[PDB]
Amino acid sequence: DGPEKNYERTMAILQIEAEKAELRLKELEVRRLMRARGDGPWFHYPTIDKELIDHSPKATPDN
Amino acid sequence: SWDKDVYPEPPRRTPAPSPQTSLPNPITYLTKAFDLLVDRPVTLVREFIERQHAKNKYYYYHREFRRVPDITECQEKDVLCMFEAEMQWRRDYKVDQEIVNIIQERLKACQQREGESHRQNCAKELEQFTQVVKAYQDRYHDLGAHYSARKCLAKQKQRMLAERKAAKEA
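### A short note on the interface of chain A and chain B
Item 1. With nine residues of chain A in contact, the opposing surface of chain B contributes seven residues.
Item 2. Between chain A and chain B, the buried area comes to about 780 Å², and carbon and sulfur atoms account for 69% of it.
Item 3. If you sort the residues of chain A by the area they bury against chain B, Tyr7(A), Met11(A) and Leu14(A) come out on top, with a joint share of 59%.
Item 4. A salt bridge links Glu4(A) to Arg63(B); its shortest N-O distance comes to 2.9 Å.
Item 5. Tallied by class, the residues present in the side of chain A that touches chain B amount to six nonpolar, two polar and one charged.

As structure tokens, this is what we get:
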């Protein structure tokens, strides 16, 4: 292989690896914030569904 | 053959033969025998080979590397720029090693050429050797086996900081 092919092949390798490293660091930061704040799609632990509630008039009025 | 400026030699001064004896010089007759029996047949063989080379003449070139931005112009962790800057620094490092080798070869050739007068007559080669070694040492010495442009720069800035402080106190 000529030196230009290897040289520019190296740049393509470096770009991919560098981009993956940045994404890996963001994921650790995103995961830290989602877990601490619970304001994202991850670490979304279930709560009771409100469509299970009966809204019709009950046998007695105070409720 | 080679660039005479890069690899200088002085003008040769041979003394003409001045015999003071009647005996024949055996070296003179051996030189004639060597020229006839050794050099002449050797020259004929080379001239034949030189004819064949002329029939098939082709070229090769010296690779020229475009200058690229150096490590000082690279943003931190920007690997694409650091890579080109780092490969360039390595190429220059290999070139500076050969520059010191050229100067060392001048010094060594002068010492042999000047004979017993070498201490006086080789001063300029010695002084030039001393300077290029000093410059080479400043650039590259103590960087370690994992040297890089980044470490070279860190060393330079340390030297520059000591130079600025010394002048400040002066």
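We are not done yet, so read on.
### Quick word on the state of the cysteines
All names here are of chain B.
Item 1. The full count for this structure, using the stated rule, is one disulfide over all chains.
Item 2. The thiol of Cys81 is not disulfide-bonded; the next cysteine sulfur, from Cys74, is found 5.2 Å away.
Item 3. With no disulfide of its own, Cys152 has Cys74 as its nearest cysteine by sulfur position, at a separation of 14 Å.

### What to know about the nonpolar core
Generally speaking, a soluble globular protein has its nonpolar side chains buried in company with each other.
All names here are of chain B.
Item 1. Within the largest apolar cluster, 10 residues are counted, these being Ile71, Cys74, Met82, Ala85, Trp89, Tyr93, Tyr140, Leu143, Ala149 and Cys152.
Item 2. At the level of elements, α2 (79-113) and α5 (149-169) are the ones that each hand at least two residues to this core.
Item 3. If you tally residues by element for this core, the top one is α2, at four residues.
Item 4. Sequence-distant contacts of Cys74, defined by excluding residues within four places in its chain, comprise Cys81, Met82 and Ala85.

### Considering the pattern of salt bridges
Residue and element names in this part refer to chain B.
Item 1. A complete count under the given rule lists 13 salt bridges over all chains for this structure.
Item 2. The shortest N-O distance in the salt bridge between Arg90 and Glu86 comes to 2.8 Å. Note that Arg90 and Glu86 are positioned in helix α2 at a spacing of four residues, about one turn of the helix.

### What about the side chain of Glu86(B)?
All names here are of chain B.
Item 1. A relative accessible area of 13% places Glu86 in the buried class.
Item 2. A polar contact is formed between the side chain of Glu86 and the side chain of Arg90, at a distance of 2.8 Å.
Item 3. Polar contacts involving the side chain of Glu86 include one to the main-chain amide nitrogen of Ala149, which spans 2.8 Å.
Item 4. Once you skip the residues sitting within four places of it in the chain, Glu86 turns out to touch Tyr147, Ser148, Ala149 and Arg150.

Each value, and the rule that gives it
- Residues numbered from 1 in each chain as written, not as in the entry; some residues may be left out.
- Chains lettered and ligands numbered in written order.
- Part of a larger assembly, values for the part shown.
- Heavy atoms only, no water.
- Contact = heavy atoms within 4.5 Å.
- Buried area = accessible area lost by both parts, 1.4 Å probe.
- Salt bridge = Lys/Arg side-chain N within 4 Å of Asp/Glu carboxyl O.
- Nonpolar A, V, L, I, M, F, W, Y, C, P; charged D, E, K, R; others polar.
- Disulfide = S-S within 2.5 Å.
- Core = buried A, V, L, I, M, F, W, Y, C linked by side-chain atoms within 4.5 Å.
- Buried < 20%, exposed > 50% of the residue type's maximum accessible area, 1.4 Å probe, protein only.
- Helix = DSSP H or I, 4+ residues; strand = E, 2+ residues; numbered from the N terminus.
- Polar contact = N/O pair within 3.5 Å; in protein donor to acceptor, adjacent residues only side chain to side chain.

These results come straight from atomic positions and should not be treated as a statement about function.
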